[PDB]
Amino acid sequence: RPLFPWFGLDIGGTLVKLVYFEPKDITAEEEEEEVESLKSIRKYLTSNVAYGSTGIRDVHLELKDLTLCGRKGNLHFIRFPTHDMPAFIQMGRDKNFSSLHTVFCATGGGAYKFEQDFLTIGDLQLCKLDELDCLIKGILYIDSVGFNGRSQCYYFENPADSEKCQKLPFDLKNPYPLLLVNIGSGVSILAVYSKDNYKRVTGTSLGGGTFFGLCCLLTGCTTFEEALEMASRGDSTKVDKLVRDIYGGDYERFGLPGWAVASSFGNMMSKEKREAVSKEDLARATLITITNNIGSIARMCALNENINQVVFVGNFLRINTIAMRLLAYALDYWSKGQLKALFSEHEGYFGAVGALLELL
């Protein structure tokens, strides 16, 4: 077995995801034998919810009483900005991390980008793993163990109507084939036919990084939480041109209802229209623009590949039920109920979990 601490790391374009297994079956004789530095890092991780200026433990994602590699313990889910990787590597140097063990399993593009820095500054060797391989392994494992007596995955029934929208549970029991849409900084779209057989069908650079980046420019927001806050009190219809702004109603010949967006941000060439919108409106418009584009591309991929279940993951979906409901409606409405959107509780961490499972 590998030595503690057991970590999986996913170094993305925007966020670094870190999954840590805290063993809870340490005997007296093990505690006796254990090194001070290991004891210190373990209590640093489990007694702090914030780490430095930017690191955060998502306490309510904690999976309790899992059995991994013959040990009973808890899974912790931790993230920080990729921008703060130099501080992270410096920490490994200063905390003597190579003495606990020299090799760590890491995925994401940062596993390649930062390899030399880890080696030179930290004296650490990365076991580099593919970001989409790790994603698949992680979602399947996290699904099979469940979420402390609740389901890992779910779907939205009647996602368009706030009068009847329900979040209902769903299992990946016999899940294949499935389309997996990974919404990070960019978007990858995977057709998955078994645990071992899958292909990257397409992607789009209009991802969560485009949402967050545009919001910062358009609204002066600086955090994702603030962007979403603004979006949840905004009205996109003031910013966008709807089909009814162009037709005065539906474009029935081609089944385009008046409420559908004809042109994203399409009113903003008008000074009068620009003057009447708020930062909140611009945030919401950015949200629906990016989401509906992804939804449309996933729909086309789903129908072409003859796949009816589409799973949406990635940290774009954090605190983003607005996006999840739009994606749900987008697939259901335009496919007349043939296509189904599925979502997950640990949306951003499956890659890091995959890196941890590889270790073990």
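Quick note: we count residues from 1 along the sequence shown, nothing fancier.
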| item | value |
| --- | --- |
| Higher-scoring stretch by recorded Cα B factor average, 45-53 or 313-321 | 45-53 |
| Residue range whose averaged C-alpha B-factor is higher in the record, 148-156 or 167-175 | 167-175 |
| Peak C-alpha temperature factor (PDB record), options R284, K271, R79, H76 | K271 |
| Among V277, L217, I246, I189 - the residue whose C-alpha B-factor is largest in the record | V277 |
| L129 by Cα B-factor - lowest, middle or highest third of the modelled chain | middle |
| Assigned third (lowest, middle, highest) for the C-alpha B factor of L63 | middle |
| Among modelled residues of the same chain, the CA temperature factor third for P23 | middle |
| Ranked against its chain, the third holding the CA B-factor of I136 | middle |
| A302, C-alpha B-factor rank within chain (lowest, middle or highest third) | middle |
